[PDB]
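Participant: Can you read through this structure? Questions will come right after.
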Amino acid sequence: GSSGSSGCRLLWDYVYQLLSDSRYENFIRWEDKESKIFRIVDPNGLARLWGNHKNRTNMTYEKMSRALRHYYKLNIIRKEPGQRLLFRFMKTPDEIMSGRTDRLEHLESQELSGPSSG
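Whatever position you read off the sequence shown (first residue = 1), add 28 for my numbering.
Structure below.
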């Protein structure tokens, strides 16, 4: 029961890791497995886990969704208009699971904290 060693350090992905484990249902479960649709049961709590293992502080859902959004542009996830915290996995996640250069990974510890110094 050891899940400390990580690498991807990604949010959008952090989702699956949870879904797979039913023990994390109360926080998040599969809405419509038919279309790999998931929904955050409780953001206030769900985020905690994301900010906890991330050694972050006062991890809020606001600064969290900041990621899922970036992907929305890549045409990977779709946020239903009606619902509020609904996410639909259009394309397979493992399809874009890689790390060579300027890959999604890069955005693992970027949209979390720190200026752009641009």
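All C-beta atoms, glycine included, are put in the ideal place defined by N, C-alpha and C.
Can you say whether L74 is buried or exposed, counting buried as having 16 or more other CB atoms within 10 angstroms of its CB?
Facilitator: Working through the sequence shown from its first residue, we reach residue 74 at position 46. Under this definition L74 is a buried residue.
Participant: Between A95, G32, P143 and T85, which has its C-alpha nearest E136's C-alpha?
Facilitator: Against the sequence shown, residue 136 aligns to sequence position 108. When each option's Cα is compared against that of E136, the closest is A95.
Participant: When the Cβ atoms of the stretch 108-120 are set against those of the stretch 55-65, are three or more pairs found closer than 8 Å?
Facilitator: They touch, by the three-pair rule.
Participant: Express the C-alpha separation of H98 and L140 in angstroms, rounding to a whole number.
Facilitator: Start at 1 with the first residue of the sequence shown, and residue 140 comes out as number 112. Start at 1 with the first residue of the sequence shown, and residue 98 comes out as number 70. Roughly 12 Å between the two C-alpha positions.
Participant: What is the DSSP secondary structure of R37, reduced to helix, strand or coil?
Facilitator: Translated into positions along the sequence shown, residue 37 becomes position 9. In this structure, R37 counts as coil in the three-state DSSP scheme.
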